[PDB]
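Asker: Sequence plus experimental coordinates follow:
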2 protein chains.
Amino acid sequence: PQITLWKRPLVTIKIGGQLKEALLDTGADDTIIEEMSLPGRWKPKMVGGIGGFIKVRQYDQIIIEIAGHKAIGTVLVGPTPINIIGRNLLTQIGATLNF
Amino acid sequence: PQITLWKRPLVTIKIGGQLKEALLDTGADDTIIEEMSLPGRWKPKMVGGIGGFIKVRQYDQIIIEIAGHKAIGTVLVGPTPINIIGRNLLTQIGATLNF
Ligand SMILES: CCCC[C@H](CC(O)(O)[C@H](CCCC)NC(=O)[C@@H](NC(=O)[C@@H](NC(C)=O)[C@@H](C)O)[C@@H](C)CC)C(=O)N[C@@H](CCC(N)=O)C(=O)N[C@@H](CCCNC(=N)N)C(N)=O
């Protein structure tokens, strides 16, 4: 699909058998979702935003469905105001910015 | 142009007669530029995201050239780590997210 930006580009994702809302975020290097239970061991990572840095838990090779497209990659878990799908997974679904 | 997301989608912009590099960010409601001088009166505003909130100055009716495309809208000025072009101006250049 082609998505205009008059409204926030929110989509439905499926992770860990749950449906959650997420923002398609070209301004994010990585993908971050709010606190949830994910399988496997995690590693520590620090990420920065407009207001500074936060500590998140990094999980690898997580299966996640984004607006119907399956992706398998790195997901960070932490205190983010909203679930964000970043470039790491956007490239997997073949997303591009056009104008 | 069609912009892939293997890398950060940065583009050249022209504001206040100055050339700057900016990030095309579908995850940003507004446009935030690094500390610089702009004409007119402004209002204080607080914007947030990952890491918390920061204080910016809001200037309205500012003309900005985004990668060649002239647009007009509100521009926030503050201590941002990177110049961000949000949806308020992305819509004006007809930018879309395709996948
Ligand atoms: C420095 C600012 C870079 C811009 C983006 C912003 C954004 O991710 O698009 C987020 C996503 C939405 C909320 C989480 N948008 C925002 O943060 C924007 N917020 C908003 O639009 C709304 N705010 C809220 C809280 O809803 C609006 C209501 O104000 C603001 C820019 C203000 C309009 C951002 O935070 N990117 C992080 C995402 C986290 C991540 N790791 O992917 C990033 O890539 N950080 C990189 C490097 C960033 C560049 N380097 C640096 N010097 N910090 C990193 N690896 O840590």
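Answerer: Alright, I've got the coordinates. Numbering: from 1, shown residues only, chains lettered A, B, ... in the order given.
Asker: By neighbour count, which bits of the host helix or strand of residue A:20 are buried? Give me those.
Answerer: Residue A:20 belongs to strand A:18-24 when assigned by DSSP states H and E. Within strand A:18-24, the residues that count as buried by 16 or more other Cβ atoms under 10 Å in any protein chain shown are A:20, A:22-24. In short, each C-beta sits where N, CA and C put it, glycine included.
Asker: Same list, these, but as CSV with distance to chain B please.
Answerer: Output for the buried residues of strand A:18-24, formatted as CSV (distance: Cβ to the nearest Cβ, whole Å):
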residue, distance to chain B
A:20, 16
A:22, 10
A:23, 5
A:24, 6
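Asker: now, which of those residues sits nearest residue A:41?
Answerer: Top of the list for closeness to residue A:41, among those and by Cβ to Cβ, is residue A:20 at 22.6 Å.
Asker: sorry, back to before: what is the subsequent helix or strand relative to the strand holding residue A:20?
Answerer: strand A:32-33.
Asker: C-alpha coordinates for stretch A:91-99, PDB please?
Answerer: Output of stretch A:91-99 as PDB, limited to C-alpha atoms (Å, rounded to 0.1, in the frame of the first residue of the first chain):
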ATOM      1  CA  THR A  91      13.800  -2.600   4.900                       C
ATOM      2  CA  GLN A  92      12.700  -6.200   5.400                       C
ATOM      3  CA  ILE A  93       9.200  -5.400   4.200                       C
ATOM      4  CA  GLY A  94      10.600  -3.400   1.300                       C
ATOM      5  CA  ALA A  95       9.400   0.000   2.500                       C
ATOM      6  CA  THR A  96      10.500   3.200   0.700                       C
ATOM      7  CA  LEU A  97       9.900   6.900   1.000                       C
ATOM      8  CA  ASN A  98       8.600   8.500  -2.200                       C
ATOM      9  CA  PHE A  99       8.000  12.100  -3.400                       C
END
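Asker: bridging residues for residue A:33?
Answerer: Going by DSSP bridges, residue A:33 is paired in beta bridges with residue A:77.
Asker: just checking, it touches residue A:77?
Answerer: Yes - Residue A:33 is in contact with residue A:77 according to Cβ atoms under 8 Å; the separation is 6.1 Å.
Asker: what about these two, which has more around it?
Answerer: residue A:33 (24 against 20; other Cβ atoms under 10 Å in any protein chain shown).
Asker: And that one, how close does it get to chain B?
Answerer: 12 Å (Cβ to the nearest Cβ, to the nearest Å).
Asker: do residue A:47 as well
Answerer: 7 Å.
Asker: Provide a list of residues in contact with residue A:97.
Answerer: Going by Cβ atoms under 8 Å, 6 or more residues apart in numbering or on different chains, residue A:97 touches A:26, B:2-3, B:5, B:9, B:24, B:26, B:95-98.
Asker: Just the strands from chain A, written as ranges.
Answerer: Applying DSSP state E to chain A gives strands spanning A:2-3, A:10-15, A:18-24, A:32-33, A:43-49, A:52-66, A:69-77, A:84-85, A:96-98.
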